[PDB]
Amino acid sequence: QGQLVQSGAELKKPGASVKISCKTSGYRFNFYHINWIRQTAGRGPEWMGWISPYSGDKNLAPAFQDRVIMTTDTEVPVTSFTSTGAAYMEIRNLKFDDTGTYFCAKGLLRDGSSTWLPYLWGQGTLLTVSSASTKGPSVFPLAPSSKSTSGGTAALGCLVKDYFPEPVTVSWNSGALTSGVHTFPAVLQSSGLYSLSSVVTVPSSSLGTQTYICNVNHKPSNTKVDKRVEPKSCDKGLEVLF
């Protein structure tokens, strides 16, 4: 196995360039090809190229031959079976149709005739190419609402409103609360701004004894918002229980 950890989401203007990084660990960096693959709305999945960390040998798809630069750093030995490394992909002359998710991926050596075949993938980097400026979200509480009175359960959450670009990440109580959490994909408003919601289902009795805080991160604007969801509800079914 190991780990391929990619750099964060980026917003770029048309005409600009961007350099995405892919940091590796848990295996011997030098001995596996690193691939770059993207997914865009317009073209679907698209393999861009690979590079050999050991030799610097490169293979680029014709569509990217004159606009993509692949590089690697030198491997930092750790153990016989593992090392750390880094690969980079720089893409130039960006346009709106380059918006999408970019992946690095390590090749499968067991594929003897094509040892580069992408097998172990990074988490992806979201690139948005747009003329619009970054906007951080406004976070509002979603006040507790009855789910089941007889069951003694309620749902509460946070509305993450009007941000750009994607993505936003949401956790609850600094990651301590993971059960019963539902974070929804964002909606893309006519304004060109995104909104999403995250909700957690909890015992209604816990509204008086447990603090619920959504931790919202929008790294593109370098903003965090920690909102305590005020537990006093306007829901009639829930109101009766308090």
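Residue indices: 1-based, along the sequence shown.
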Query raised in the report: Is the mean CA B factor in the deposited entry higher across 91-99 or across 157-165?
Result: 157-165
Report task. Return whichever of 73-81 and 132-140 has the greater mean Cα B factor according to the PDB record. Result -> 73-81
**Report entry** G175, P185, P203, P45, ranked by C-alpha B-factor: the highest one
**Finding:** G175
Query raised in the report: Quick one: which of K13, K224, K23, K19 has the biggest Cα B-factor according to the entry?
Result: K224
Report summary line: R67: CA temperature factor from the record, placed by chain third, in the middle
Query raised in the report: Thinking about Cα B factors across the chain, which third does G49 belong to?
Result: lowest
Report summary line: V181: CA B-factor among chain residues, third -> middle
Query raised in the report: Once the chain's modelled residues are ordered by C-alpha B factor and cut into thirds, is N59 in the lowest, middle or highest one?
Result: lowest
Requested in this report: Would you check the entry's CA temperature factor for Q189 and let me know if it's in the chain's lowest, middle or highest third?
Outcome: highest
